[PDB]
Visitor: 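What follows is a single structure, and I will ask about it in a moment.
Numbers restart at 1 for each chain; the letters A, B, ... are given by sequence-line order, proteins then strands. Just so it is clear, the values below take in all heavy atoms, side chains as well, and ignore hydrogens, waters and symmetry mates.
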Amino acid sequence: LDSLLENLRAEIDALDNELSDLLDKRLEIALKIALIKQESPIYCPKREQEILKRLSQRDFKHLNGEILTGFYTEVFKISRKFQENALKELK
Amino acid sequence: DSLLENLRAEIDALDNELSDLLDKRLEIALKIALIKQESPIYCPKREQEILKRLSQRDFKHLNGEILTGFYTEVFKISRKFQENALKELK
Ligand SMILES: O=C(O)C(=O)C[C@]1(C(=O)O)C=C[C@@H](O)C=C1
């Protein structure tokens, strides 16, 4: 019975705090990578596709390849732009 | 490189968790779809409330632009998923 809307939405909220915090940490790592490389462009397509491949093989209730592809397309965009901007300003 | 290999191992650990968290967030949205079958999926007030709330938190790098991008896609994923899950009921 604790599945009322209030409670499910608090659970979403806890998810979103963690998801946000993890995304923040993923940008800090991407910052470190940008700095040790400083490539003209940051785009490493082989690596992106390796990430997706590996994650696709894992066991999920609801995620599949379409959902991961959409999710990570945005994640990789966010990460790429962030690294670019970091390199523009620190130079 | 060497440093590079380690940073990428960390990304990998991160991405395992980020995926696991997204899968759990789909499960909860599934529960929500099911307790709310007589109503629209798109709740723009709630989406805005989520972003506002998350914008208030302390981040090293995230800002409003980055969260908006991220969650636009998260909400799209969540919306489509709920639709399709409800299509599998009678
Ligand atoms: O909280 C809800 O009402 C949901 O259905 C979940 C969610 C979300 O992904 O957070 C999904 C679709 C709506 O646009 C608003 C919120």
Side-chain angles (χ1 to χ4, degrees), chain A residues 1-28 48 51-79 81-82, chain B residues 11-37 39-57 59-90:
Chain A
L1 274 92
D2 263 349
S3 306
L4 298 121
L5 192 39
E6 286 86 340
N7 293 319
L8 293 170
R9 278 184 154 155
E11 287 210 38
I12 293 289
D13 287 353
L15 266 158
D16 287 336
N17 291 355
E18 291 192 65
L19 219 52
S20 291
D21 288 329
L22 282 183
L23 181 69
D24 203 44
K25 277 131 153 284
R26 194 194 202 284
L27 296 192
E28 160 75 8
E48 291 187 3
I51 290 176
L52 280 165
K53 239 164 287 170
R54 179 185 75 75
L55 295 161
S56 288
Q57 302 148 356
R58 306 181 79 235
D59 247 83
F60 295 117
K61 293 198 83 183
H62 309 287
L63 294 191
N64 54 36
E66 278 182 51
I67 292 172
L68 281 159
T69 293
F71 190 64
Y72 271 96
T73 292
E74 181 60 21
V75 174
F76 294 143
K77 282 190 192 142
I78 284 167
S79 182
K81 272 145 46 150
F82 168 69
Chain B
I11 289 291
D12 290 342
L14 188 147
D15 285 339
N16 295 338
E17 295 179 77
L18 208 54
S19 305
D20 285 344
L21 284 182
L22 178 70
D23 203 36
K24 274 139 154 277
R25 192 195 198 277
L26 292 189
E27 163 75 7
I28 292 171
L30 177 56
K31 284 150 135 153
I32 288 167
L34 296 176
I35 65 161
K36 278 286 272 283
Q37 288 167 46
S39 98
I41 288 176
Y42 187 37
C43 195
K45 188 161 299 181
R46 173 69 179 155
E47 291 185 5
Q48 221 188 25
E49 284 166 346
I50 286 179
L51 278 171
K52 236 165 291 170
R53 183 187 73 78
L54 293 161
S55 293
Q56 296 153 1
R57 306 180 76 227
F59 296 119
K60 294 202 80 198
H61 309 288
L62 297 193
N63 52 37
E65 284 187 87
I66 293 169
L67 277 166
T68 296
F70 188 63
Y71 271 96
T72 295
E73 183 55 28
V74 172
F75 298 142
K76 278 193 193 149
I77 287 169
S78 180
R79 247 181 270 125
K80 269 147 51 148
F81 168 92
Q82 281 176 252
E83 304 268 322
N84 292 310
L86 286 182
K87 290 178 174 166
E88 308 247 71
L89 66 82
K90 62 180 68 180

Visitor: Taking all non-hydrogen atoms of both residues, which atom of B/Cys43 and which atom of A/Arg9 are closest, and how far apart?
Guide: SG-NH2, 4.0 Å
Visitor: With distance as the sole test, does B/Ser78 use its side chain to make a donor-acceptor pair with the main-chain N or O of B/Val74 at under 3.5 Å?
Guide: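 No.
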Visitor: Which value, rounded to the nearest 0.5 Å, describes the distance between B/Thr72 atom OG1 and B/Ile77 atom CD1?
Guide: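 The CD1 atom of B/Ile77 is 11.0 Å from OG1 of B/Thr72, to the nearest 0.5 Å.
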Visitor: Sequence neighbours left out, what passes side chain to side chain contact (heavy atoms under 4.5 Å, CB included) with A/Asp59? Give chain and number order.
Guide: none
Visitor: Please give me the minimum heavy-atom distance between A/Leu4 and B/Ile35, naming the atom from each residue.
Guide: C-CD1, 4.0 Å
Visitor: For side chain to side chain contact (heavy atoms under 4.5 Å, CB included), just list the numbers for B/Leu62 and B/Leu54, CA-CA rounded to whole Å, side-chain angles, deciding distance to a tenth of an Å, and then say yes or no.
Guide: CA-CA 10 Å; B/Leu62 297 193; B/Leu54 293 161; over 6 Å; no
Visitor: Mind checking ring-ring contact (aromatic ring centres under 6.0 Å, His included) for A/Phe60 and listing every partner two or more places apart, or none if nothing turns up?
Guide: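 None.
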Visitor: Atom CG of A/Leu22 and atom CG of A/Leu27: how far apart are they, to the nearest 0.5 Å?
Guide: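 Between atom CG of A/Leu22 and atom CG of A/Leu27 there are 11.0 Å.
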Visitor: Can A/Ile67 and B/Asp23 be said to form a side chain to side chain contact (heavy atoms under 4.5 Å, CB included), step by step?
Guide: CA-CA 10 Å; A/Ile67 292 172; B/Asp23 203 36; over 6 Å; no
Visitor: To the nearest 0.5 Å, how far apart are NZ in B/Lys36 and CD in B/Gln82?
Guide: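 It is 10.0 Å, given to the nearest 0.5 Å.
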Visitor: Measuring from atom CG of A/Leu8 to atom NZ of B/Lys31, what distance do you get when rounded to the nearest 0.5 angstrom?
Guide: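 Taking CG in A/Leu8 and NZ in B/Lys31, the distance rounds to 7.0 Å.
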Visitor: Listing request: all salt bridge (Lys or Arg N to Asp or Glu O under 4.0 Å) pairs with a residue in residues 76-90 of chain B, at least two apart in sequence or in separate chains.
Guide: B/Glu47-B/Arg79
Visitor: Measuring from atom CG of B/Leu14 to atom CD of A/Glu28, what distance do you get when rounded to the nearest 0.5 angstrom?
Guide: 11.5 Å
Visitor: Can you give me the closest heavy-atom contact between A/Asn17 and B/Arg53, atom names plus distance?
Guide: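 In this case the closest contact between A/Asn17 and B/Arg53 is OD1-NH1, 2.6 Å.
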Visitor: Using the salt bridge (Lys or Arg N to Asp or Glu O under 4.0 Å) rule, pick out the option among B/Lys52, B/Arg57, B/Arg25 that qualifies with A/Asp16.
Guide: B/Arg25
Visitor: So, for A/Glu74 and B/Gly69, which heavy atoms are closest and what is the spacing to 0.1 Å?
Guide: OE2-C, 3.1 Å
Visitor: Mind listing the closest non-hydrogen atom pair of A/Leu19 and B/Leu22 along with its distance?
Guide: CD1-N, 4.2 Å
Visitor: Assess the pair B/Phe70 and A/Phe71: is the distance between their ring centroids shorter than 6.0 Å?
Guide: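 Between B/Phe70 and A/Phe71, the centre distance is under 6.0 Å.
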Visitor: Just do the salt bridge (charged side-chain N to carboxylate O under 4.0 Å, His left out) check on A/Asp13 and B/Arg46 with the steps written out, would you?
Guide: CA-CA 11 Å; A/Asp13 287 353; B/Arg46 173 69 179 155; 2.7 Å; yes
Visitor: Please name the pair of heavy atoms, one in B/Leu86 and one in B/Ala33, separated by the smallest distance, quoted to 0.1 Å.
Guide: CD2-O, 3.8 Å
Visitor: Find the distance between OG1 (B/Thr68) and CG (B/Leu51) and round it off to the nearest 0.5 Å.
Guide: 5.0 Å
